[PDB]
Amino acid sequence: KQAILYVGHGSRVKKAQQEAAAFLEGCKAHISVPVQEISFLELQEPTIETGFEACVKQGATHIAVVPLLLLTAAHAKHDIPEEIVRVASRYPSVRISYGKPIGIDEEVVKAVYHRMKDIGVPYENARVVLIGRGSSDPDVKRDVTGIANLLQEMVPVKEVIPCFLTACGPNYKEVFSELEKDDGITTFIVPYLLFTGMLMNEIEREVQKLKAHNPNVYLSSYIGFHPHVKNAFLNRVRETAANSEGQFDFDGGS
Ligand SMILES: [Fe+3]
């Protein structure tokens, strides 16, 4: 009766494909839903069309589409819903709900906290610099700032500075330029990313460059598919499947 359709954005890097597929597969045992299919927007199969049609072929009357996204931008608002309407037009009797990106969640703040703790340096009254990819969509900066504020409330750090690799300000290179000082305050750098790659490597090199000026700077590993990220995503899945007020009804559009 009920189905879950997981939708990742997809990758062409084999390791990223494998990690995303394995994560979504391991999610299934935590959800009491008989029909569950994984799919990806781009670059990686099963396609969204394939997964939706598989759900229908297994007899699903209700499909909960849950996007595996850290933040809310064009993928969550447009590309994925567009693919959903394209495939769903062929099955008008099937009810669809559509979930939210992870966004501002206490579990993800805990994931950031454990990445900080992994460095093994005291974090009390330390500065945190939270680097997101960035986007021209203001919701992305808004959500990263919200995550910084939640971290500020939950962990006794001096401050959390959200900044970005591209598209919106402040740029992380500007923050870095202002941190060449070394005033005795410890600064942790947390990359808010699901995968490694070119930008993560750039962050690594720039942190080396910064450490040449200020030795009290420590880069954590990127967040990745941390257990607390898994908790937050399972929260998204469960709330989308319950859809108790119809707030996740998939209405034609975005
Ligand atoms: Fe924990």
# chains A, B, ... in the order shown; residues from 1 in each chain; ligands from 1

$ residues_near_ligand --ligand "ligand 1" --cutoff "12 Å" --atoms "only C-alpha atoms and all ligand atoms" --output "list in words"
residues 106, 107, 108, 109, 110, 111, 112, 113, 114, 115, 116, 117, 118, 226, 227, 228, 229, 230 and 231 of chain A

$ write_last_selection --atoms "N, CA and C atoms" --output "mmCIF file, in the first residue's frame"
data_model
loop_
_atom_site.group_PDB
_atom_site.id
_atom_site.type_symbol
_atom_site.label_atom_id
_atom_site.label_comp_id
_atom_site.auth_asym_id
_atom_site.auth_seq_id
_atom_site.Cartn_x
_atom_site.Cartn_y
_atom_site.Cartn_z
ATOM 1 N N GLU A 106 18.631 19.357 14.760
ATOM 2 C CA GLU A 106 19.502 19.201 15.916
ATOM 3 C C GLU A 106 20.441 18.017 15.731
ATOM 4 N N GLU A 107 19.970 16.958 15.064
ATOM 5 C CA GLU A 107 20.820 15.802 14.807
ATOM 6 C C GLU A 107 22.034 16.188 13.967
ATOM 7 N N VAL A 108 21.824 17.010 12.937
ATOM 8 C CA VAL A 108 22.932 17.417 12.078
ATOM 9 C C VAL A 108 23.883 18.334 12.832
ATOM 10 N N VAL A 109 23.345 19.170 13.722
ATOM 11 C CA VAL A 109 24.227 19.935 14.600
ATOM 12 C C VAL A 109 25.088 19.007 15.452
ATOM 13 N N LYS A 110 24.501 17.909 15.932
ATOM 14 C CA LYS A 110 25.277 16.920 16.677
ATOM 15 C C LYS A 110 26.354 16.282 15.802
ATOM 16 N N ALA A 111 26.041 16.059 14.525
ATOM 17 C CA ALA A 111 27.039 15.523 13.601
ATOM 18 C C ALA A 111 28.220 16.478 13.473
ATOM 19 N N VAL A 112 27.931 17.778 13.372
ATOM 20 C CA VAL A 112 28.996 18.780 13.326
ATOM 21 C C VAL A 112 29.799 18.718 14.618
ATOM 22 N N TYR A 113 29.100 18.583 15.747
ATOM 23 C CA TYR A 113 29.770 18.510 17.040
ATOM 24 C C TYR A 113 30.731 17.331 17.092
ATOM 25 N N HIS A 114 30.317 16.173 16.575
ATOM 26 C CA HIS A 114 31.199 15.014 16.646
ATOM 27 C C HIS A 114 32.379 15.166 15.699
ATOM 28 N N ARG A 115 32.177 15.814 14.546
ATOM 29 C CA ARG A 115 33.317 16.159 13.697
ATOM 30 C C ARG A 115 34.300 17.084 14.414
ATOM 31 N N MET A 116 33.794 18.049 15.187
ATOM 32 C CA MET A 116 34.677 18.901 15.987
ATOM 33 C C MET A 116 35.443 18.075 17.007
ATOM 34 N N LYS A 117 34.723 17.215 17.724
ATOM 35 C CA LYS A 117 35.309 16.411 18.786
ATOM 36 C C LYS A 117 36.382 15.479 18.244
ATOM 37 N N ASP A 118 36.213 14.999 17.004
ATOM 38 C CA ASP A 118 37.169 14.074 16.401
ATOM 39 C C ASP A 118 38.584 14.637 16.322
ATOM 40 N N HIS A 226 27.397 10.687 8.317
ATOM 41 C CA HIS A 226 27.515 10.482 9.748
ATOM 42 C C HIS A 226 26.229 9.870 10.311
ATOM 43 N N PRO A 227 26.337 9.075 11.382
ATOM 44 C CA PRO A 227 25.131 8.512 12.019
ATOM 45 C C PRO A 227 24.072 9.542 12.384
ATOM 46 N N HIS A 228 24.471 10.740 12.818
ATOM 47 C CA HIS A 228 23.468 11.743 13.159
ATOM 48 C C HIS A 228 22.805 12.306 11.906
ATOM 49 N N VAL A 229 23.552 12.392 10.800
ATOM 50 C CA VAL A 229 22.945 12.695 9.505
ATOM 51 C C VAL A 229 21.926 11.625 9.140
ATOM 52 N N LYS A 230 22.256 10.359 9.406
ATOM 53 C CA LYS A 230 21.295 9.290 9.158
ATOM 54 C C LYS A 230 20.042 9.474 10.008
ATOM 55 N N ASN A 231 20.213 9.836 11.283
ATOM 56 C CA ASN A 231 19.063 10.111 12.147
ATOM 57 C C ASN A 231 18.188 11.218 11.573
#

$ select_by_dssp --residues "range 14-110 of chain A" --states "helix (DSSP H, G or I)" --output "VMD selection string"
chain A and resid 14 to 30 48 to 57 74 to 88 106 to 110

$ write_last_selection --atoms "C-alpha atoms" --output "compact mmCIF listing (two decimals), in the first residue's frame"
# COMPACT_ATOMS: atom_id res chain seq x y z
CA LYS A 14 31.94 5.53 -8.64
CA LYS A 15 32.79 5.81 -4.93
CA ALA A 16 30.09 8.45 -4.40
CA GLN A 17 27.53 6.31 -6.25
CA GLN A 18 28.44 3.34 -4.06
CA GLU A 19 28.29 5.34 -0.82
CA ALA A 20 24.91 6.90 -1.62
CA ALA A 21 23.37 3.61 -2.75
CA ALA A 22 24.66 1.75 0.32
CA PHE A 23 23.41 4.48 2.67
CA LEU A 24 19.93 4.45 1.14
CA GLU A 25 19.80 0.64 1.20
CA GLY A 26 20.82 0.61 4.86
CA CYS A 27 18.06 3.13 5.57
CA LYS A 28 15.34 0.67 4.54
CA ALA A 29 15.42 -1.56 7.64
CA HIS A 30 14.56 1.46 9.83
CA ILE A 48 13.57 8.60 -10.71
CA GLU A 49 11.29 7.21 -13.43
CA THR A 50 12.59 3.69 -12.82
CA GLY A 51 12.09 3.85 -9.07
CA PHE A 52 8.62 5.39 -9.28
CA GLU A 53 7.51 2.79 -11.81
CA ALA A 54 8.95 0.03 -9.61
CA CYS A 55 6.89 1.34 -6.68
CA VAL A 56 3.76 1.32 -8.83
CA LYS A 57 4.49 -2.15 -10.23
CA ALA A 74 17.14 24.26 -7.15
CA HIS A 75 17.35 20.47 -6.93
CA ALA A 76 14.80 20.31 -4.09
CA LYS A 77 12.49 23.02 -5.48
CA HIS A 78 12.52 22.36 -9.24
CA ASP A 79 14.50 19.54 -10.87
CA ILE A 80 13.27 16.70 -8.64
CA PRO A 81 9.59 17.85 -8.58
CA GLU A 82 9.72 18.29 -12.37
CA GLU A 83 10.95 14.74 -12.86
CA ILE A 84 8.28 13.57 -10.40
CA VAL A 85 5.43 15.24 -12.30
CA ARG A 86 6.76 13.92 -15.62
CA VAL A 87 6.72 10.32 -14.39
CA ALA A 88 3.61 10.65 -12.17
CA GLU A 106 19.50 19.20 15.92
CA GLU A 107 20.82 15.80 14.81
CA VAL A 108 22.93 17.42 12.08
CA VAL A 109 24.23 19.94 14.60
CA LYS A 110 25.28 16.92 16.68

$ atom_distance --atom1 "CA of residue 154 in chain A" --atom2 "CA of residue 105 in chain A"
11.7 Å

$ closest_residue --among "A:138, A:224, A:170, A:46" --to "residue 195 in chain A" --atoms "only C-alpha atoms"
A:224

$ select_by_dssp --residues "range 128-234 of chain A" --states "strand (DSSP E)" --output "mmCIF file with C-alpha atoms, in the first residue's frame"
data_model
loop_
_atom_site.group_PDB
_atom_site.id
_atom_site.type_symbol
_atom_site.label_atom_id
_atom_site.label_comp_id
_atom_site.auth_asym_id
_atom_site.auth_seq_id
_atom_site.Cartn_x
_atom_site.Cartn_y
_atom_site.Cartn_z
ATOM 1 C CA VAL A 128 33.961 27.461 14.456
ATOM 2 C CA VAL A 129 33.987 28.206 10.712
ATOM 3 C CA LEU A 130 31.215 26.279 8.929
ATOM 4 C CA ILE A 131 31.869 26.029 5.173
ATOM 5 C CA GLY A 132 29.010 25.217 2.824
ATOM 6 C CA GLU A 159 31.045 31.761 17.756
ATOM 7 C CA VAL A 160 30.189 29.959 14.531
ATOM 8 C CA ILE A 161 30.952 31.689 11.225
ATOM 9 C CA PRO A 162 29.009 30.414 8.199
ATOM 10 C CA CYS A 163 30.753 31.037 4.887
ATOM 11 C CA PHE A 164 30.715 29.575 1.413
ATOM 12 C CA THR A 187 39.407 27.823 15.293
ATOM 13 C CA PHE A 188 37.803 24.637 13.959
ATOM 14 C CA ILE A 189 36.967 24.389 10.234
ATOM 15 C CA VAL A 190 33.979 22.143 9.468
ATOM 16 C CA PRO A 191 33.195 21.332 5.785
ATOM 17 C CA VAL A 217 43.375 26.180 13.146
ATOM 18 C CA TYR A 218 42.105 22.606 12.835
ATOM 19 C CA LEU A 219 40.203 21.096 9.897
#

$ residues_around --residues "residue 241 in chain A" --least-positions-apart "2" --cutoff "10 Å" --atoms "only C-alpha atoms" --output "list in words"
residues 2, 3, 4, 31, 32, 33, 62, 63, 64, 65, 66, 96, 97, 98, 99, 235, 236, 237, 238, 239, 243, 244 and 248 of chain A

$ closest_residue --among "A:1, A:196, A:222, A:180" --to "residue 208 in chain A" --atoms "only C-alpha atoms"
A:180

$ atom_distance --atom1 "CA of residue 145 in chain A" --atom2 "CA of residue 103 in chain A"
10.5 Å

$ atom_distance --atom1 "CA of residue 72 in chain A" --atom2 "CA of residue 101 in chain A"
5.8 Å
